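Worksheet for the structure shown next.
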Ligand SMILES: *[C@@H]1O[C@H](CO)[C@@H](O[C@@H]2O[C@H](CO)[C@@H](O[C@@H]3O[C@H](CO)[C@@H](O)[C@H](O)[C@@H]3O)[C@H](O)[C@H]2NC(C)=O)[C@H](O)[C@H]1NC(C)=O
Ligand SMILES: *[C@@H]1O[C@H](CO)[C@@H](O[C@@H]2O[C@H](CO)[C@@H](O[C@@H]3O[C@H](CO)[C@@H](O)[C@H](O)[C@@H]3O)[C@H](O)[C@H]2NC(C)=O)[C@H](O)[C@H]1NC(C)=O
Ligand SMILES: *[C@@H]1O[C@H](CO)[C@@H](O[C@@H]2O[C@H](CO)[C@@H](O)[C@H](O)[C@H]2NC(C)=O)[C@H](O)[C@H]1NC(C)=O
Ligand SMILES: *[C@@H]1O[C@H](CO)[C@@H](O[C@@H]2O[C@H](CO)[C@@H](O)[C@H](O)[C@H]2NC(C)=O)[C@H](O)[C@H]1NC(C)=O
Ligand SMILES: *[C@@H]1O[C@H](CO)[C@@H](O[C@@H]2O[C@H](CO)[C@@H](O)[C@H](O)[C@H]2NC(C)=O)[C@H](O)[C@H]1NC(C)=O
Ligand SMILES: *[C@@H]1O[C@H](CO)[C@@H](O)[C@H](O)[C@H]1NC(C)=O
Ligand SMILES: *[C@@H]1O[C@H](CO)[C@@H](O)[C@H](O)[C@H]1NC(C)=O
Ligand SMILES: *[C@@H]1O[C@H](CO)[C@@H](O)[C@H](O)[C@H]1NC(C)=O
Ligand SMILES: *[C@@H]1O[C@H](CO)[C@@H](O)[C@H](O)[C@H]1NC(C)=O
Ligand SMILES: *[C@@H]1O[C@H](CO)[C@@H](O)[C@H](O)[C@H]1NC(C)=O
């Protein structure tokens, strides 16, 4: 057991939120999107 | 440049049958050679420790068979139970799990396996029977000194080990086999087994109903295949028949004369005075000694064969049922996903669940893509072309993806790779960072 | 002596089929339909399987091919030059010949009888004495047959174990890639090729 | 703090030789013990199923 | 002592008639005679409690030497296979 933040570097994307049985709603944090926002402002 | 890649798959269940144990025999030396005859027994004593050697050999065999059964089935430290819901993602295990409604608490498949095999000995107390039969019908019927010992583990107690093992693997996968049993949802155990054979988890989750239906159909096919084919359980019937034949031969040898006037010891003692009777008895003793040594030698050789088979069965249980094995053809034909044991008389039957590619299509491939003067190689998978565009796919399942800098790695220029082709290798950060300002 | 059920041509056909499957499709034909893959890409997979990236193979592909051709030539020269390499199979033949020759030689043994020839026993002795001498020869010959069969059963068990090991090697070395150290030869396993041999 | 890493490699081919089968034999028990002898065969019958 | 292949009734009758070839006898009272699948076991008290197998007898029946009630004796029992552990499986 070693919990980490769920990000787009830890997971991969295939398909939409329908076919998977038991999918749950949670935020996946993009590393770049946060960084890009810091680059802007 | 052509590579064929599966576009579909079938979940297949196959059956492997292995002997684990052989009937545990016991031979009564005095009764066989010198049945109820003091003079013959006294002559028999002049050959020394021969019986004692036979007794040790047969005791060692009986113990070895109990050892083989214990090693094969008693590999779990706790008896695991299944949940009362019996819902595992839509997978139907009613044909492999114990049926609570019938005596012995065996699975549908186990009762079929037990009904198919005919047991000639079925050791238990038989003295109560005595006569009133049409004929005695045996394999000595005890009377000539040859008996069969019961196993230490009963058929119900083997079924309990099988149930514990099935409950363990179904509810915790391979975790309990290497320490404590950790519960996991079944689709997540199978998804990890899929990862084990090189196919991603999303393939299983997207097609979960298809996979469950293929599994359930394959199990039904196993039940029908075993029911329909009377010779499916060949190896176990052969073991039973060989032990029955060895005992039938050993008893029938008692009717031979081996050079004596008569095969009946009491006739020799009745007709002749001691000094001649001793010679006729010595001839019969020699013949019986040869028959007993032949019988024991064959039982020891067969015991060694059974030991090797039992060791293989225990090895398969550990690597196929309590784990996942990457050894080809070890756990059935195809890529191994999981296995389920079933009890059978004198042995074990394994149901091996494998992933088999189906409906392949041939695409054009290339070792690498040259972009800005650099050779891009896959991190995982292979490159394919549908004739107009290049994609990255998995080796075991067609799934086209855009070739990007997050999926490939770069090493060296494009001049060194013999089969390299020209295609655009996208870079997600650059398009957005170029998108970010301009 | 009974012939084998599968003739040498049939064994050669199985070996050829296994080589064609392995070369054209690698490990694929042992677990689904055979799927063609370019050989250098099959090797790239195998290299990744042993922890070596695909670019090592591709940058040095001609070095690897030359080392392969040299090693195969060395195998042919090694087997030709050293007759003892195949001793494991030659012993199987030689032991069998010895066992059969021994059993025949046992017919000349007297086992305590005045003569080894049944016709001599019957010609010179009255039935009673001839019966005693013949019964003795029968006992000696039965003992020789029991010894021969017991030895054949023990060797059969040894051959069975060897055949089971060979079957495991075919499935794991030829029809796949093994991670068992020194199972499929010394070094990290890349691939194997079967060849038929008499009795093995 | 010292680690050795290969800078080159060799592709090696080795040979493993395994027996698969033995010569299949068959024995005529009566002919071997009592070849072309009626009297011997008649005594051989007293040894039963051997 | 385990008498293989026979009924306990037959053994008790042979004992009362003094027809058995061994000249020794095992002291026998009620509760000390237990019918097994292997044969008739005389000289061990059968109990309901299962335990790990120590001295195997056969057909699931094992025996051991243990302190009972308040007094050590040989007992016979049905073999225990292990502790029960129900896995908390959930979706
Ligand atoms: C898991 O699979 C088993 C079969 O492998 C399912 O049991 C089957 O259930 C159906 C419907 O309840 C049974 O059909 C009915 O059978 C009776 C027999 O008398 C018949 O009269 C009815 O008209 C109907 O045909 C089927 O026989 C039965 N099979 C067995 C072997 O029990 C079980 O329901 C499945 N469970 C889940 C959760 O999917
Ligand atoms: C890694 O090792 C291999 C050998 O296992 C190196 O390749 C070998 O390099 C030598 C020297 O360049 C070659 O020797 C030369 O061969 C030619 C053949 O005509 C001969 O005329 C020369 O006189 C000399 O003997 C050798 O053949 C070659 N082997 C192969 C199979 O190509 C390789 O360069 C090494 N790599 C590194 C990075 O050290
Ligand atoms: C996860 O979030 C999505 C929305 O992004 C949810 O989908 C909505 O669910 C409500 C339920 O009342 C519907 O009325 C909406 O029409 C749905 N919208 C869409 C776009 O599908 C989804 O239900 C959420 N899942 C969970 C488990 O909370
Ligand atoms: C090869 O794949 C590409 C992309 O998957 C195909 O092109 C797409 O075709 C769909 C219609 O099926 C269009 O909606 C997309 O806009 C197309 N994308 C591009 C980038 O062209 C292409 O047709 C496929 N070719 C073959 C022979 O299968
Ligand atoms: C991939 O593209 C490069 C250019 O980006 C090609 O390189 C050119 O090849 C032609 C001959 O085909 C030469 O005349 C040019 O001088 C080359 N230019 C450079 C910059 O290398 C390369 O040949 C292409 N490869 C394929 C397989 O089409
Ligand atoms: C695909 O396989 C079939 C097999 O008959 C072959 O005829 C066809 O040419 C192949 N196509 C490609 C592109 O390799
Ligand atoms: C794969 O085969 C199954 C067989 O039932 C079928 O239902 C499914 O649609 C097939 N999928 C594809 C992508 O061909
Ligand atoms: C012993 O004999 C009785 C006679 O009624 C019988 O009921 C019982 O089943 C027998 N036991 C065995 C083990 O045969
Ligand atoms: C075992 O338990 C059953 C329960 O009904 C009982 O009848 C039986 O007498 C018990 N045996 C012993 C030896 O206590
Ligand atoms: C699991 O899902 C099934 C869906 O039919 C449901 O019936 C069952 O009660 C669920 N179990 C748990 C523990 O949530």
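Inter-chain Cβ neighbour count for D:4-17, averaged per residue, equals 6 (cutoff 10 Å, partner chain atoms only). When the inverse distances between all different Cα atoms of segment D:3-44 are averaged and flipped, the Kirkwood radius reads 16.5 angstrom.
Counting other Cβ atoms within 10 Å as a rough exposure proxy, the listed residues E:62, B:131 run B:131, E:62 from fewest neighbours to most. The translational diffusion coefficient of segment E:6-64, from Stokes-Einstein at 10 °C and 1.306 mPa s with a Kirkwood hydrodynamic radius over alpha carbon pairs, comes to 125 µm²/s.
With a 10 Å cut-off around each Cβ of B:250-260, the average count of Cβ atoms from other chains is 3. Stokes-Einstein diffusion for segment B:100-248, with the hydrodynamic radius set to the Kirkwood value over Cα pairs and evaluated at 10 °C in a medium of 1.306 mPa s, equals 81 µm²/s. Enter the mean projected area of the convex hull around the alpha-carbon atoms of the protein assembly as shown, in nm², rounded to one decimal. One quarter of the hull surface, i.e. the mean projection, equals 51.4 nm².
With 10 Å bins beginning at zero, the pair-distance distribution over Cα atoms of segment B:289-331 amounts to 26, 30, 20, 15, 8, 0 %. Using only Cα atoms and rounding to the nearest 10 degrees, what angle (0 to 90) does helix C:87-105 make with the longest principal axis of chain C? In chain C, helix C:87-105 runs at an angle near 10 degrees to the longest axis. Once the convex hull of all Cα atoms in chain B is built, its volume per residue stands at 219 Å³.
Just for the protein assembly as shown, what percent of DSSP beta bridges are antiparallel, to the closest 5? Counting DSSP beta bridges with both partners in the protein assembly as shown, the antiparallel share is about 85 percent.
What residue among D:15, D:25, D:38 shows peak mean-square fluctuation when chain D is described by a Gaussian network model with Cα springs under 10 Å? Sorting by GNM fluctuation, first place goes to D:15. Each listed q (0.10, 0.16, 0.25 Å⁻¹) maps to a log10 I(q)/I(0) for segment B:87-182 from the Debye sum over equal C-alpha point scatterers, namely -0.46, -0.84, -1.29.
Here segment B:342-438 is treated as an ellipsoid with the same Cα gyration tensor; its semi-axes, largest first and in whole Å, are 40, 17, 13. In terms of packing, defined here as the mean over residues of other Cβ atoms within 10 angstrom, the peptides C:108-119, E:72-83 line up highest first as E:72-83, C:108-119. Counting only other chain Cβ atoms within 10 Å of each residue's Cβ, the peptide B:125-134 averages 3. Sorting B:224-233, B:262-271 by average packing, meaning the other beta carbons within 10 Å per residue, from highest down gives B:262-271, B:224-233. The ranking of B:389, B:242, B:376 by Cβ neighbour count inside 10 Å, starting from the fewest, reads B:389, B:242, B:376. Taking each pair of distinct Cα atoms in segment B:224-273 once, what is the resulting Kirkwood hydrodynamic radius in Å? Here the Kirkwood hydrodynamic radius works out to 14.3 Å. Relative contact order of segment B:246-349: 17 percent, from C-alpha pairs under 8 Å at least 6 residues apart in sequence. Relative to the compact-globule estimate of 2.2 N^0.38 Å, the Cα radius of gyration of segment B:150-234 comes out at 1.40. Computed over every Cα-Cα pair of segment B:1-123 and binned at 5 Å starting from 0, the pair-distance distribution P(r) comes out as 2, 7, 9, 12, 13, 11, 9, 8, 7, 6, 5, 4, 2, 2, 1, 1, 0, 0 percent. Counting only alpha carbon atoms, the long axis of helix C:39-49 and the longest principal axis of chain C meet at about 90°.
So basically every Cβ, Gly included, is an ideal-geometry build from the backbone, and we count neighbours across all protein chains shown. Laboratory data are not the source of any read-out in this text; all were calculated from the coordinates shown.
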